[PDB]
>>> print(open('final_38.pdb').read())   # PDB, C-alpha atoms and all ligand atoms
ATOM      1  CA  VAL A   3     -11.079  17.124  12.438  1.00  0.00           C
ATOM      2  CA  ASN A   4     -10.890  15.504   8.991  1.00  0.00           C
ATOM      3  CA  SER A   5     -13.257  15.081   6.049  1.00  0.00           C
ATOM      4  CA  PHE A   6     -13.973  11.344   6.362  1.00  0.00           C
ATOM      5  CA  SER A   7     -17.751  10.899   6.651  1.00  0.00           C
ATOM      6  CA  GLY A   8     -20.104   8.067   7.574  1.00  0.00           C
ATOM      7  CA  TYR A   9     -17.592   5.858   9.410  1.00  0.00           C
ATOM      8  CA  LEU A  10     -18.352   3.707  12.424  1.00  0.00           C
ATOM      9  CA  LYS A  11     -15.779   4.193  15.196  1.00  0.00           C
ATOM     10  CA  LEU A  12     -14.315   0.876  16.350  1.00  0.00           C
ATOM     11  CA  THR A  13     -11.567   2.140  18.677  1.00  0.00           C
ATOM     12  CA  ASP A  14      -9.711   5.312  19.592  1.00  0.00           C
ATOM     13  CA  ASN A  15      -8.005   5.269  16.177  1.00  0.00           C
ATOM     14  CA  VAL A  16      -9.752   2.768  13.848  1.00  0.00           C
ATOM     15  CA  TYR A  17     -12.854   3.633  11.813  1.00  0.00           C
ATOM     16  CA  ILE A  18     -14.771   1.545   9.253  1.00  0.00           C
ATOM     17  CA  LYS A  19     -17.244   2.094   6.408  1.00  0.00           C
ATOM     18  CA  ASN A  20     -18.991   0.091   3.688  1.00  0.00           C
ATOM     19  CA  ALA A  21     -17.485   1.891   0.716  1.00  0.00           C
ATOM     20  CA  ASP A  22     -15.643   1.508  -2.573  1.00  0.00           C
ATOM     21  CA  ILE A  23     -12.111   2.680  -1.740  1.00  0.00           C
ATOM     22  CA  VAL A  24     -11.771   4.119  -5.257  1.00  0.00           C
ATOM     23  CA  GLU A  25     -14.868   6.273  -4.789  1.00  0.00           C
ATOM     24  CA  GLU A  26     -13.847   7.191  -1.234  1.00  0.00           C
ATOM     25  CA  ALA A  27     -10.409   8.319  -2.411  1.00  0.00           C
ATOM     26  CA  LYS A  28     -11.862  10.375  -5.270  1.00  0.00           C
ATOM     27  CA  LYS A  29     -14.171  12.164  -2.811  1.00  0.00           C
ATOM     28  CA  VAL A  30     -11.808  12.726   0.124  1.00  0.00           C
ATOM     29  CA  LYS A  31      -8.454  13.051  -1.689  1.00  0.00           C
ATOM     30  CA  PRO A  32      -6.700  11.784   1.455  1.00  0.00           C
ATOM     31  CA  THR A  33      -3.046  12.403   2.148  1.00  0.00           C
ATOM     32  CA  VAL A  34      -2.478   8.628   1.976  1.00  0.00           C
ATOM     33  CA  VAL A  35      -4.450   5.863   0.278  1.00  0.00           C
ATOM     34  CA  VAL A  36      -3.198   2.328   0.926  1.00  0.00           C
ATOM     35  CA  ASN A  37      -2.961  -0.146  -1.939  1.00  0.00           C
ATOM     36  CA  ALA A  38      -3.223  -3.905  -1.430  1.00  0.00           C
ATOM     37  CA  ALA A  39      -0.043  -4.475  -3.415  1.00  0.00           C
ATOM     38  CA  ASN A  40       2.054  -7.484  -4.355  1.00  0.00           C
ATOM     39  CA  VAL A  41       5.861  -7.530  -4.344  1.00  0.00           C
ATOM     40  CA  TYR A  42       6.034  -6.856  -8.101  1.00  0.00           C
ATOM     41  CA  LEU A  43       3.581  -3.933  -7.948  1.00  0.00           C
ATOM     42  CA  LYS A  44       1.556  -5.690 -10.664  1.00  0.00           C
ATOM     43  CA  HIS A  45      -1.845  -4.114 -10.096  1.00  0.00           C
ATOM     44  CA  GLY A  46      -3.998  -6.665 -11.861  1.00  0.00           C
ATOM     45  CA  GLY A  47      -7.073  -7.228  -9.732  1.00  0.00           C
ATOM     46  CA  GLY A  48      -8.707  -6.755  -6.389  1.00  0.00           C
ATOM     47  CA  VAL A  49      -8.155  -3.373  -4.774  1.00  0.00           C
ATOM     48  CA  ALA A  50      -4.918  -2.815  -6.708  1.00  0.00           C
ATOM     49  CA  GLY A  51      -6.513  -3.434 -10.080  1.00  0.00           C
ATOM     50  CA  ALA A  52      -9.349  -1.052  -9.226  1.00  0.00           C
ATOM     51  CA  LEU A  53      -7.082   1.733  -7.932  1.00  0.00           C
ATOM     52  CA  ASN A  54      -4.802   1.434 -10.945  1.00  0.00           C
ATOM     53  CA  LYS A  55      -7.748   1.515 -13.373  1.00  0.00           C
ATOM     54  CA  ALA A  56      -8.956   4.724 -11.713  1.00  0.00           C
ATOM     55  CA  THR A  57      -5.536   6.304 -12.470  1.00  0.00           C
ATOM     56  CA  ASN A  58      -5.832   5.378 -16.167  1.00  0.00           C
ATOM     57  CA  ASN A  59      -2.824   3.014 -15.686  1.00  0.00           C
ATOM     58  CA  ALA A  60      -0.526   5.816 -14.459  1.00  0.00           C
ATOM     59  CA  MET A  61      -0.053   3.907 -11.190  1.00  0.00           C
ATOM     60  CA  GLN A  62       1.200   0.877 -13.142  1.00  0.00           C
ATOM     61  CA  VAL A  63       3.583   2.963 -15.278  1.00  0.00           C
ATOM     62  CA  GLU A  64       5.079   4.571 -12.165  1.00  0.00           C
ATOM     63  CA  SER A  65       5.259   1.189 -10.427  1.00  0.00           C
ATOM     64  CA  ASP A  66       7.098  -0.476 -13.318  1.00  0.00           C
ATOM     65  CA  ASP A  67       9.787   2.207 -13.133  1.00  0.00           C
ATOM     66  CA  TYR A  68      10.004   1.730  -9.347  1.00  0.00           C
ATOM     67  CA  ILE A  69      10.552  -2.030  -9.734  1.00  0.00           C
ATOM     68  CA  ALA A  70      13.061  -1.603 -12.558  1.00  0.00           C
ATOM     69  CA  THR A  71      15.132   0.621 -10.246  1.00  0.00           C
ATOM     70  CA  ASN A  72      14.645  -1.037  -6.858  1.00  0.00           C
ATOM     71  CA  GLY A  73      13.540  -4.628  -7.392  1.00  0.00           C
ATOM     72  CA  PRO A  74      10.569  -6.272  -5.690  1.00  0.00           C
ATOM     73  CA  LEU A  75       9.215  -5.362  -2.291  1.00  0.00           C
ATOM     74  CA  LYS A  76       9.258  -7.775   0.643  1.00  0.00           C
ATOM     75  CA  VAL A  77       6.105  -9.493   1.834  1.00  0.00           C
ATOM     76  CA  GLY A  78       5.191  -7.344   4.827  1.00  0.00           C
ATOM     77  CA  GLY A  79       6.908  -4.316   3.282  1.00  0.00           C
ATOM     78  CA  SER A  80       5.797  -1.144   1.561  1.00  0.00           C
ATOM     79  CA  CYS A  81       6.789   1.803  -0.559  1.00  0.00           C
ATOM     80  CA  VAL A  82       5.401   5.323  -0.943  1.00  0.00           C
ATOM     81  CA  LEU A  83       4.545   6.390  -4.488  1.00  0.00           C
ATOM     82  CA  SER A  84       2.270   9.009  -6.010  1.00  0.00           C
ATOM     83  CA  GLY A  85      -1.430   8.991  -5.251  1.00  0.00           C
ATOM     84  CA  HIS A  86      -2.128  10.286  -8.779  1.00  0.00           C
ATOM     85  CA  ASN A  87      -5.720  11.602  -9.021  1.00  0.00           C
ATOM     86  CA  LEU A  88      -6.807   9.671  -5.907  1.00  0.00           C
ATOM     87  CA  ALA A  89      -4.663  10.963  -3.021  1.00  0.00           C
ATOM     88  CA  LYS A  90      -1.450  12.846  -2.378  1.00  0.00           C
ATOM     89  CA  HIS A  91       0.445   9.579  -1.836  1.00  0.00           C
ATOM     90  CA  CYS A  92      -0.212   5.886  -2.279  1.00  0.00           C
ATOM     91  CA  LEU A  93       1.303   3.581   0.332  1.00  0.00           C
ATOM     92  CA  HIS A  94       1.705   0.244  -1.469  1.00  0.00           C
ATOM     93  CA  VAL A  95       1.638  -2.407   1.285  1.00  0.00           C
ATOM     94  CA  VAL A  96       2.234  -6.119   0.670  1.00  0.00           C
ATOM     95  CA  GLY A  97       0.201  -8.333   2.954  1.00  0.00           C
ATOM     96  CA  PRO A  98       0.747 -12.094   2.771  1.00  0.00           C
ATOM     97  CA  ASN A  99      -1.246 -13.828   0.028  1.00  0.00           C
ATOM     98  CA  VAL A 100      -2.638 -17.062   1.465  1.00  0.00           C
ATOM     99  CA  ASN A 101      -3.310 -18.302  -2.064  1.00  0.00           C
ATOM    100  CA  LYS A 102       0.504 -18.244  -2.492  1.00  0.00           C
ATOM    101  CA  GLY A 103       1.258 -20.003   0.815  1.00  0.00           C
ATOM    102  CA  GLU A 104       2.684 -16.931   2.554  1.00  0.00           C
ATOM    103  CA  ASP A 105       3.015 -16.700   6.331  1.00  0.00           C
ATOM    104  CA  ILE A 106      -0.035 -15.035   7.889  1.00  0.00           C
ATOM    105  CA  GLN A 107       2.185 -13.811  10.744  1.00  0.00           C
ATOM    106  CA  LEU A 108       3.548 -11.308   8.210  1.00  0.00           C
ATOM    107  CA  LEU A 109       0.179  -9.535   8.349  1.00  0.00           C
ATOM    108  CA  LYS A 110       1.244  -7.720  11.521  1.00  0.00           C
ATOM    109  CA  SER A 111       4.462  -6.546   9.847  1.00  0.00           C
ATOM    110  CA  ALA A 112       2.387  -5.308   6.899  1.00  0.00           C
ATOM    111  CA  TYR A 113       0.117  -3.238   9.150  1.00  0.00           C
ATOM    112  CA  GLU A 114       3.140  -1.755  10.969  1.00  0.00           C
ATOM    113  CA  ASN A 115       3.812   0.276   7.812  1.00  0.00           C
ATOM    114  CA  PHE A 116       0.646   2.265   8.556  1.00  0.00           C
ATOM    115  CA  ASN A 117       2.256   3.696  11.710  1.00  0.00           C
ATOM    116  CA  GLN A 118       4.560   5.851   9.573  1.00  0.00           C
ATOM    117  CA  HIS A 119       1.529   7.941   8.497  1.00  0.00           C
ATOM    118  CA  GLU A 120      -0.704   9.994  10.770  1.00  0.00           C
ATOM    119  CA  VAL A 121      -3.932   9.342   8.807  1.00  0.00           C
ATOM    120  CA  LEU A 122      -4.711   6.778   6.089  1.00  0.00           C
ATOM    121  CA  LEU A 123      -7.562   5.478   3.956  1.00  0.00           C
ATOM    122  CA  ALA A 124      -7.076   1.739   3.617  1.00  0.00           C
ATOM    123  CA  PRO A 125      -8.511  -1.668   2.747  1.00  0.00           C
ATOM    124  CA  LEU A 126      -8.194  -4.647   5.051  1.00  0.00           C
ATOM    125  CA  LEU A 127      -4.801  -6.152   4.261  1.00  0.00           C
ATOM    126  CA  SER A 128      -4.705  -9.704   2.908  1.00  0.00           C
ATOM    127  CA  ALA A 129      -8.507  -9.747   2.495  1.00  0.00           C
ATOM    128  CA  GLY A 130     -10.318 -10.422  -0.759  1.00  0.00           C
ATOM    129  CA  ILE A 131      -8.220 -12.226  -3.359  1.00  0.00           C
ATOM    130  CA  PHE A 132      -5.278 -12.415  -0.929  1.00  0.00           C
ATOM    131  CA  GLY A 133      -7.252 -15.159   0.828  1.00  0.00           C
ATOM    132  CA  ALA A 134      -6.979 -14.293   4.524  1.00  0.00           C
ATOM    133  CA  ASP A 135      -9.884 -14.166   6.970  1.00  0.00           C
ATOM    134  CA  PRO A 136     -11.043 -10.507   7.017  1.00  0.00           C
ATOM    135  CA  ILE A 137     -12.191 -10.795  10.641  1.00  0.00           C
ATOM    136  CA  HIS A 138      -8.604 -11.706  11.472  1.00  0.00           C
ATOM    137  CA  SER A 139      -7.246  -8.858   9.354  1.00  0.00           C
ATOM    138  CA  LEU A 140      -9.416  -6.341  11.207  1.00  0.00           C
ATOM    139  CA  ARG A 141      -8.226  -7.721  14.557  1.00  0.00           C
ATOM    140  CA  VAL A 142      -4.574  -7.397  13.538  1.00  0.00           C
ATOM    141  CA  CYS A 143      -5.246  -3.880  12.251  1.00  0.00           C
ATOM    142  CA  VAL A 144      -6.787  -2.743  15.536  1.00  0.00           C
ATOM    143  CA  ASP A 145      -4.012  -4.382  17.580  1.00  0.00           C
ATOM    144  CA  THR A 146      -1.147  -3.031  15.416  1.00  0.00           C
ATOM    145  CA  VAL A 147      -2.026   0.350  13.898  1.00  0.00           C
ATOM    146  CA  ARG A 148      -1.762   3.281  16.308  1.00  0.00           C
ATOM    147  CA  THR A 149      -2.284   6.070  13.775  1.00  0.00           C
ATOM    148  CA  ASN A 150      -5.714   7.065  12.457  1.00  0.00           C
ATOM    149  CA  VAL A 151      -6.990   4.539   9.922  1.00  0.00           C
ATOM    150  CA  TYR A 152     -10.212   4.754   7.910  1.00  0.00           C
ATOM    151  CA  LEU A 153     -11.071   1.310   6.545  1.00  0.00           C
ATOM    152  CA  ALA A 154     -13.164   0.930   3.394  1.00  0.00           C
ATOM    153  CA  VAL A 155     -14.919  -2.436   3.030  1.00  0.00           C
ATOM    154  CA  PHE A 156     -16.398  -2.936  -0.448  1.00  0.00           C
ATOM    155  CA  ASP A 157     -18.743  -5.836   0.366  1.00  0.00           C
ATOM    156  CA  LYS A 158     -21.797  -4.768   2.382  1.00  0.00           C
ATOM    157  CA  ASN A 159     -22.437  -8.288   3.659  1.00  0.00           C
ATOM    158  CA  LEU A 160     -18.831  -8.523   4.860  1.00  0.00           C
ATOM    159  CA  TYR A 161     -18.970  -5.070   6.442  1.00  0.00           C
ATOM    160  CA  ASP A 162     -21.984  -6.091   8.539  1.00  0.00           C
ATOM    161  CA  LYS A 163     -20.247  -9.282   9.692  1.00  0.00           C
ATOM    162  CA  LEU A 164     -17.114  -7.327  10.650  1.00  0.00           C
ATOM    163  CA  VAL A 165     -19.069  -4.814  12.736  1.00  0.00           C
ATOM    164  CA  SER A 166     -21.371  -7.358  14.365  1.00  0.00           C
ATOM    165  CA  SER A 167     -18.508  -9.676  15.353  1.00  0.00           C
ATOM    166  CA  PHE A 168     -16.099  -6.972  16.535  1.00  0.00           C
ATOM    167  CA  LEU A 169     -14.850  -7.407  20.079  1.00  0.00           C
TER     168      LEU A 169
HETATM  169  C1  LIG B   1     -11.700  -5.107  -4.913  1.00  0.00           C
HETATM  170  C2  LIG B   1     -11.987  -3.746  -4.459  1.00  0.00           C
HETATM  171  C3  LIG B   1     -12.342  -2.689  -5.299  1.00  0.00           C
HETATM  172  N1  LIG B   1     -12.555  -1.550  -4.509  1.00  0.00           N
HETATM  173  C4  LIG B   1     -12.346  -1.919  -3.189  1.00  0.00           C
HETATM  174  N2  LIG B   1     -12.467  -1.072  -2.122  1.00  0.00           N
HETATM  175  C5  LIG B   1     -12.200  -1.671  -0.953  1.00  0.00           C
HETATM  176  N3  LIG B   1     -11.843  -2.980  -0.729  1.00  0.00           N
HETATM  177  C6  LIG B   1     -11.737  -3.808  -1.816  1.00  0.00           C
HETATM  178  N4  LIG B   1     -11.375  -5.123  -1.596  1.00  0.00           N
HETATM  179  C7  LIG B   1     -10.899  -5.660  -0.325  1.00  0.00           C
HETATM  180  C8  LIG B   1     -11.997  -6.135   0.645  1.00  0.00           C
HETATM  181  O1  LIG B   1     -12.726  -5.033   1.106  1.00  0.00           O
HETATM  182  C9  LIG B   1     -13.015  -7.085  -0.029  1.00  0.00           C
HETATM  183  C10 LIG B   1     -13.930  -7.883   0.948  1.00  0.00           C
HETATM  184  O2  LIG B   1     -13.432  -8.081   2.278  1.00  0.00           O
HETATM  185  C11 LIG B   1     -12.488  -7.156   2.784  1.00  0.00           C
HETATM  186  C12 LIG B   1     -11.389  -6.927   1.784  1.00  0.00           C
HETATM  187  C13 LIG B   1     -11.988  -3.296  -3.126  1.00  0.00           C
HETATM  188 CL    CL B   2     -10.095  -7.856  -3.234  1.00  0.00          CL
END
>>> encode(input="final_38.pdb", output="structure tokens")
Amino acid sequence: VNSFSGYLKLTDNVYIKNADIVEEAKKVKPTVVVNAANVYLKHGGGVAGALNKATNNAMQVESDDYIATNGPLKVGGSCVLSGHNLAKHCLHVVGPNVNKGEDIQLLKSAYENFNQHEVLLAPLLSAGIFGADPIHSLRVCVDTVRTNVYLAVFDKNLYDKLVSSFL
């Protein structure tokens, strides 16, 4: 039993809700919140910009030190950093950005990072400003993640389309 509330159950392990991931994280304080990161951990917009803003830019400060030490992530890769005031940890995961020409096949590799964590609050990877089809992202999520994932979908219209079209 966990404290996630109001989710629709899609499969044995995947749950979904129309919610602002920032507000969900502030309420639940999950062990892991997933960020829709880029390889530079530059949290400018989309989910990343919103999460970072909610930390009063502390996420960005921590991320800049991480990059200065370690260099950029790989597309499809991840790193674990602090969750600040939102969660215990933030798993920064880089899905392919279609608006940069990146290989959509890397979306499966990106979701594989979730399997290193028993329970996660997450957005759909590569959705929104990353330019992928969210219906496809949900399919890859369900077919790749085996741990317990609670998906927050900001757009109500999109949430309804994802549920209604789910096979
Ligand atoms: C931008 C943003 C702020 N707070 C959020 N919480 C959750 N998701 C988000 N964006 C990603 C999508 O949910 C958007 C529409 O289609 C699926 C991907 C955001
Ligand atoms: Cl977005």
>>> residues_around(input="final_38.pdb", residues="residue A:166", least_positions_apart="6", cutoff="12 Å", atoms="all atoms listed in the file", output="compact mmCIF listing (two decimals) with C-alpha atoms, in the frame of the given file")
# COMPACT_ATOMS: atom_id res chain seq x y z
CA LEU A 10 -18.35 3.71 12.42
CA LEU A 12 -14.32 0.88 16.35
CA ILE A 137 -12.19 -10.80 10.64
CA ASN A 159 -22.44 -8.29 3.66
CA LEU A 160 -18.83 -8.52 4.86
>>> residues_around(input="final_38.pdb", residues="stretch 138-150 of chain A", least_positions_apart="6", cutoff="8 Å", atoms="only C-alpha atoms", output="PDB file with C-alpha atoms, keeping the file's coordinate frame")
ATOM      1  CA  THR A  13     -11.567   2.140  18.677  1.00  0.00           C
ATOM      2  CA  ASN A  15      -8.005   5.269  16.177  1.00  0.00           C
ATOM      3  CA  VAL A  16      -9.752   2.768  13.848  1.00  0.00           C
ATOM      4  CA  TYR A  17     -12.854   3.633  11.813  1.00  0.00           C
ATOM      5  CA  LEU A 109       0.179  -9.535   8.349  1.00  0.00           C
ATOM      6  CA  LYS A 110       1.244  -7.720  11.521  1.00  0.00           C
ATOM      7  CA  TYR A 113       0.117  -3.238   9.150  1.00  0.00           C
ATOM      8  CA  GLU A 114       3.140  -1.755  10.969  1.00  0.00           C
ATOM      9  CA  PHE A 116       0.646   2.265   8.556  1.00  0.00           C
ATOM     10  CA  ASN A 117       2.256   3.696  11.710  1.00  0.00           C
ATOM     11  CA  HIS A 119       1.529   7.941   8.497  1.00  0.00           C
ATOM     12  CA  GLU A 120      -0.704   9.994  10.770  1.00  0.00           C
ATOM     13  CA  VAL A 121      -3.932   9.342   8.807  1.00  0.00           C
ATOM     14  CA  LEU A 122      -4.711   6.778   6.089  1.00  0.00           C
ATOM     15  CA  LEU A 126      -8.194  -4.647   5.051  1.00  0.00           C
ATOM     16  CA  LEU A 127      -4.801  -6.152   4.261  1.00  0.00           C
ATOM     17  CA  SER A 128      -4.705  -9.704   2.908  1.00  0.00           C
ATOM     18  CA  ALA A 129      -8.507  -9.747   2.495  1.00  0.00           C
ATOM     19  CA  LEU A 164     -17.114  -7.327  10.650  1.00  0.00           C
TER      20      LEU A 164
END
>>> closest_residue(input="final_38.pdb", among="A:87, A:123, A:97, A:168", to="residue A:28", atoms="only C-alpha atoms")
A:87
>>> residues_near_ligand(input="final_38.pdb", ligand="ligand CL 2 (chain B)", cutoff="6 Å", atoms="all atoms listed in the file", output="PyMOL selection string")
chain A and resi 48-49+130-131
>>> closest_residue(input="final_38.pdb", among="A:112, A:93, A:20, A:54", to="residue A:162", atoms="only C-alpha atoms")
A:20
>>> resolve_selection(input="final_38.pdb", expression="the PyMOL selection byres (((chain A and resi 21) around 8) and not hetatm)", output="list in words")
residues 19, 20, 22, 23, 25, 26, 154, 155, 156 and 157 of chain A
>>> closest_residue(input="final_38.pdb", among="A:71, A:58, A:99, A:115", to="residue A:135", atoms="only C-alpha atoms")
A:99
>>> atom_distance(input="final_38.pdb", atom1="atom CA of residue A:74", atom2="atom CA of residue A:37")
15.3 Å
>>> closest_residue(input="final_38.pdb", among="A:34, A:165, A:50, A:43", to="ligand LIG 1 (chain B)", atoms="only C-alpha atoms and all ligand atoms")
A:50
>>> residues_near_point(input="final_38.pdb", point="(5.8, -5.4, -6.1)", cutoff="12 Å", atoms="all atoms listed in the file", output="PyMOL selection string")
chain A and resi 37-46+50+62+64-83+93-97
>>> residues_around(input="final_38.pdb", residues="residue A:31", least_positions_apart="2", cutoff="6 Å", atoms="all atoms listed in the file", output="PyMOL selection string")
chain A and resi 27-29+88-89
>>> axis_aligned_box(input="final_38.pdb", around="ligand LIG 1 (chain B)", padding_each_side="3 Å", output="lines of an AutoDock Vina configuration file")
center_x = -12.4
center_y = -4.6
center_z = -1.3
size_x = 9.0
size_y = 13.0
size_z = 14.1
